[PDB]
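Data first, discussion second: the structure below is written as structure tokens.
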Amino acid sequence: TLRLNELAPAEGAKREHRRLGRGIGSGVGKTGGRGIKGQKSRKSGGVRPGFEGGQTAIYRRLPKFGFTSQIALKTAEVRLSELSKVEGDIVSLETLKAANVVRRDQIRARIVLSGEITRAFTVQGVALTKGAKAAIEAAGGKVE
Amino acid sequence: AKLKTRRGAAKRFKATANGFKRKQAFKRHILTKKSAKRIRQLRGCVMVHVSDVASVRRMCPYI
Amino acid sequence: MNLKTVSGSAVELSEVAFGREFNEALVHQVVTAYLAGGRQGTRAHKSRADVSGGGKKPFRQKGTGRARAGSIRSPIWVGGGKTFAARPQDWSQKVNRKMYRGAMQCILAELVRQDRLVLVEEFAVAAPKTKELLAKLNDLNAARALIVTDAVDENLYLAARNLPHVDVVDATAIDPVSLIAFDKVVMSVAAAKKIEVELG
Amino acid sequence: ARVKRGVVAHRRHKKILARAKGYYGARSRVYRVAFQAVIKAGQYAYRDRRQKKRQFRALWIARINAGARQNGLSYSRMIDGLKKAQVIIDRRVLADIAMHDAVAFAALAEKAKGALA
RNA sequence: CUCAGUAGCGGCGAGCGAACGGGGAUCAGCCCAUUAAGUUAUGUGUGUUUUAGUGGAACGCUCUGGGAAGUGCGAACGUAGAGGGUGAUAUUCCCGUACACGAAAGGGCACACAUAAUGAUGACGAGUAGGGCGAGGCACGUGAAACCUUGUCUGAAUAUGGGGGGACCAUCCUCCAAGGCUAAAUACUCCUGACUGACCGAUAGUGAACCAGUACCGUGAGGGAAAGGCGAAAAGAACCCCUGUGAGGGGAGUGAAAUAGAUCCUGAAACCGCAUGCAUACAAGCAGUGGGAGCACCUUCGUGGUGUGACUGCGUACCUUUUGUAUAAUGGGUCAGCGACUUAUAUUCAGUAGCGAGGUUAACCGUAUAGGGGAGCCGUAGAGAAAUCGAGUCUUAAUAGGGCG
RNA sequence: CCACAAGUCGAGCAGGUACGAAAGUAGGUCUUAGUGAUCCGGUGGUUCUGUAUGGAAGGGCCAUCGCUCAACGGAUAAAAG
Ligand SMILES: NCCC[C@H](N)CC(=O)NCCC[C@H](N)CC(=O)NCCC[C@H](N)CC(=O)N[C@@H]1[C@H](O)[C@@H](OC(N)=O)[C@@H](CO)O[C@H]1NC1=N[C@@H]2C(=O)NC[C@@H](O)[C@H]2N1
């Protein structure tokens, strides 16, 4: 035990890799699992993803819809349970960013009722849902 | 390198909690001859079929 | 944990650093990762594009009776390119910080269990002479050993340089391969406490 | 880690050629020909391990027929008589007795006739 | 490094693909006519390095052997147990290694001072900004197309002035074009020195280990090989014999070994001889297989071993491609050597290990697999095109119904 | 009913309505053919978006228009020997 020639990996951790075209006995000899002839048996034989043989594809017989919002990329969602990562009792955008629950380029945040908290927090300038606000006050905290 | 999204499919599909949603065809034009029931039932989103979900996943690896 | 030195004195060390159960799979992963990271990986071969010459078609496609050929440097031909030419590779693997620390703790605990770790209150030599260190190790009955100190004294380093199966390291420089390879590990109390603070 | 194939390939070819000993011409000298000859020999042996039982039973039946006809019976009548007499001696032993001990086979034929009566 | 294959561009196809912000490396500004930082030459001084070199520890006996470094026994050195050689495998036989010294003379670099030059024909920027036409560049294909460049035609205001903030206007914010110089972090290897390799070992590795870009081919540009090994030491065989004073061999001699004798270590296969044993000149075919007499040698004397195989049942090769091949369908004259599912990145699933409502760092720093580095990423919430709400949300006049949860 | 994309029948609820004294009937025509995806644009609305801010341009959503794309799941806007 504890020698360079008495160390082994756990059972099932390692496997031999598959080696094609090395005889009848291996079970993957000759064609190597590619079948007989056709396009897929050639080198680089697959067709492009989304190609269906020539008929109009699924992503082209359906219409485009919607537009992309720019402020949604800067809006951040915060679970209520994540408030425990904040050091101190003040919950603001700056302290959430310091605790790393909000990305540094976000300009506003929202707190949703997802988990549970015990400490009392003071919330400054962060939007709260109805249930999140109720939980914040029930934990002995307040908003501004 | 990084897998690249097929932007045409990205413009057609969006992800739901357990799948993908999409709009319905045959509502762009030639609408006068269509019955009211077809007009109001082809409106809105539906789900992508399970037979097409795999292709959608290969085409849109990040959504 | 309470362990006695050679001179019978009692030292108290944390169970976290020196008392964790042995996890052979984790230790094996970390040891093999260290050995893989020791590789240099410098080599290359020439493919059919790198081999000298071979630009032109050796003979016409039809009519000669030969098998068709496109270049004299084809990998089928003698003297042609290697089919899958190699390039220099990096053999380093990522090891999780916690996994590395856990493997080191397991190794230290197993050494303590197997009695290959020897604690000493003080380990120093008065001169950079090989024979003095050899006599000290012989009376400690640790002729083949890795010595771990809080700081490596120059005289100790010079005395240990020429001894086979003997090495000397700082407390912050131990590695899982060297902890296992040597027959015994002679560790001073100061080095043991520094290792305890590092927590394996 | 370049691997040279010479030693192992030579061993395999030499083993095939050693199993091909005694064959005519290229079948005992040339590897491509010798390898086909060894496989076909194995196939023939597999088939003939079944054919041997049939051939030897046919030989036993022929010898028993000769003995029965010397004793005044046919093979089918003798077999039927022995079955009716409850004798369960098999054809291999019956043919051995027919070939090497005429008196015992005469006694067996008499028992078969007595049971047929 | 990330943001992010996101925002966008695109016969809205195939594909192309940012920026803002954040984390790092490195950090530096100085001037436009009495003219700056800086840079380059030359000369002097100091420091450092480089081009020859010197010394450099410690082993004996015994056995096998042609030969000892190997066996057995017992010693010595180690700031030297890197490496190479020596008749087989050496810390102590040799060259070296650690370490300690060393330069008439010449070269490189750094710093300081001194003298030139240069920066510097340039003094706040007019045929300029802007505009019409045609093109090019921007991730951006004329698009709602801002911004940069200009071939052509034009053309301001000039600090109460002018440029930008993606058509455009107003308001705010921000900067000062039409004059310049500037180290580091970055890119590379024809070369020089030292060190290294889960790189090759003569069909490999450079085309080339060898008198190789040679022989050879072509008018020419150009193309382009094959070919390493006697022995520790030539001790490379004096002399005799056959033969043509040839080649070649038999003796002798050397050597541990000459079937190590010169294209000489080992000496495989295809292919070609000689010798011995058995079979074979009345019998029709993938050549074997299951039986089976006789003969020869060996012998543990047989219910044994080796070689051969009269006679006999059955029996149309292999691969590929095909509905289907003995097929008169394809491929192979034979042997030996080489010859085809890889590597990098991203992603998904399974197994396994750590940690666990959390998990994990990237670049980078780091006498460097450690330890630091939390930017970022994934998970923890969904609905809606979106604004918005949120265990709900969308649709709707509807709290009805219904869809996603 | 169906590979997908599509196609077909539908009781019942709410609002407004027509014809009936009323119970009621009516979401085109006895039924099964009379048809064309996506892209790109046009038009009418809209409590959505709007690249510093207020607007606007442009985009989104709802309704609707333009193919003998008839080789009728339609490879180009654009092609004979
Ligand atoms: N019982 C029967 C008795 C019969 C009776 N006797 C009569 C009979 O019948 N007799 C037969 C005679 C046999 C045969 N005909 C004789 C024969 O052939 N002589 C040949 C004589 C000339 C020969 N060609 C010369 C030759 O080649 N030199 C080589 C050559 O330059 C070179 O090699 C390569 N690579 O090219 C080099 C490699 O470096 O080595 C050289 N050489 C070296 N040697 C040295 C060494 O050892 N150390 C140091 C260094 O000096 C080494 N270099």
Enumeration of residues in region C:106-128 that are part of a strand (DSSP E or B) and within 12 Å of chain A (Cβ to nearest Cβ): C:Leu117
From the list C:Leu119, C:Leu111, C:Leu163, pick out the single residue that is more than 26 Å from C:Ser14 (Cα to Cα) and in contact (Cβ under 8 Å) with a residue 12 or more places away in the chain. C:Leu163
Going by what's in this entry, would B:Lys21 be described as among the charged types (D, E, K, R), at the interface with chain A (Cβ under 10 Å from one of its Cβ atoms) and within 24 Å of A:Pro49 (Cβ to Cβ)? yes
If we ask which residues in region B:32-63 are exposed (fewer than 10 other Cβ atoms within 10 Å of the Cβ), outside any loop (DSSP other than H, G, I, E, B) and either of a type in the set (D, E, K, R) or in contact (Cβ under 8 Å) with a residue 40 or more places away in the chain (or both), their number turns out to be 2
Quick count over region B:17-35, residues being more than 17 Å from B:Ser55 (Cβ to Cβ) and within 6 Å of RNA strand E (Cβ to nearest atom), is 2
Can C:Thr64 be described as hydroxyl-bearing (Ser, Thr, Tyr) and either more than 14 Å from every other protein chain (Cβ to nearest Cβ) or loosely packed, with under 14 Cβ neighbours inside 10 Å (or both)? yes
Which condition breaks for C:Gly79 when tested against (1) surrounded by 12 or more Cβ atoms within 10 Å (Cβ to Cβ); (2) in a loop (DSSP other than H, G, I, E, B); (3) of a type outside the set (D, E, K, R)? (1)
Residue among D:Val87, D:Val38, D:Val3 that alone is more than 26 Å from the chain's Cα centre (by Cα) and among the β-branched types (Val, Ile, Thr): D:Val3
Please specify each residue of region A:110-135 satisfying the condition of being aliphatic (A, V, I, L, M), assigned to a helix (DSSP H, G or I) and farther than 21 Å from A:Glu94 by Cβ. A:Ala134, A:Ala135
Restricting region A:61-73 to residues that are more than 21 Å from the chain's Cα centre (by Cα) and more than 14 Å from every other protein chain (Cβ to nearest Cβ), which is farthest from RNA strand E (Cβ to nearest atom)? A:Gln70
What is the one condition in (1) surrounded by fewer than 12 Cβ atoms within 10 Å (Cβ to Cβ); (2) of a type in the set (A, V, I, L, M, F, W, C); (3) more than 10 Å from every other protein chain (Cβ to nearest Cβ); (4) more than 16 Å from RNA strand F (Cβ to nearest atom) that A:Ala76 does not satisfy? (1)
Residue, nearest to the chain's Cα centre (by Cα), within region C:86-117, restricted to residues that are buried (at least 17 other Cβ atoms within 10 Å of the Cβ) and within 7 Å of RNA strand E (Cβ to nearest atom): C:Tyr100
Which condition does C:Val177 not pass, out of (1) part of a helix (DSSP H, G or I); (2) under 24 Å from C:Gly38 (Cβ atoms); (3) away from chain A (no Cβ under 14 Å), if it passes all the others? (3)
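This table checks each residue for (1) free of Cβ contacts under 8 Å to residues at least 12 places away in the same chain; (2) within 8 Å of RNA strand E (Cβ to nearest atom); (3) outside any loop (DSSP other than H, G, I, E, B).
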residue	(1), (2), (3)
A:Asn5	yes, no, no
A:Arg18	yes, yes, no
A:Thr31	yes, yes, no
A:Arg34	yes, yes, no
A:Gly46	yes, no, no
A:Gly50	yes, yes, no
A:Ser84	no, yes, yes
A:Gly88	yes, no, no
A:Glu94	yes, no, yes
Number of the condition not met by C:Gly53 [criteria: (1) at positive phi; (2) touching a strand residue (DSSP E or B) at 6+ places or on another chain (Cβ under 9 Å)]: (2)
Examine region B:3-19 for a residue that is more than 21 Å from A:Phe67 (Cβ to Cβ), near RNA strand F (Cβ under 7 Å from one of its atoms) and not in a helix (DSSP H, G or I), and state whether such a residue exists. no
Only one of (1) free of Cβ contacts under 8 Å to residues at least 40 places away in the same chain; (2) within 14 Å of chain A (Cβ to nearest Cβ) is not met by C:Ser52, so which one is it? (2)
Would you mind stating whether A:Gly88 is surrounded by 10 or more Cβ atoms within 10 Å (Cβ to Cβ), away from RNA strand F (no atom under 16 Å from the Cβ) and within 30 Å of A:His17 (Cα to Cα)? no
Assess whether C:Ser71 counts as being surrounded by 13 or more Cβ atoms within 10 Å (Cβ to Cβ), away from chain A (no Cβ under 14 Å) and of a type in the set (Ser, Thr, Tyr). yes
Of the candidates A:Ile58, A:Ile24, the one satisfying the condition of being away from chain B (no Cβ under 14 Å) and assigned to a loop (DSSP other than H, G, I, E, B) is A:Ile24
The conditions are (1) closer than 27 Å to C:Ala192 by Cβ; (2) within 14 Å of chain A (Cβ to nearest Cβ), and C:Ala10 fails exactly one of them. Which is it? (2)
Quick one: how many residues across region B:23-58 are out of contact with any helix residue (DSSP H, G or I) (no Cβ under 9 Å at 6 or more places or on another chain), near RNA strand F (Cβ under 8 Å from one of its atoms) and within 14 Å of A:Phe65 (Cβ to Cβ)? 7
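Every number in this text was worked out from the coordinates using simple rules, so none of it is lab data. Please note: Cβ atoms are built from the backbone with ideal geometry, for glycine as well, and neighbour counts cover all protein chains shown.
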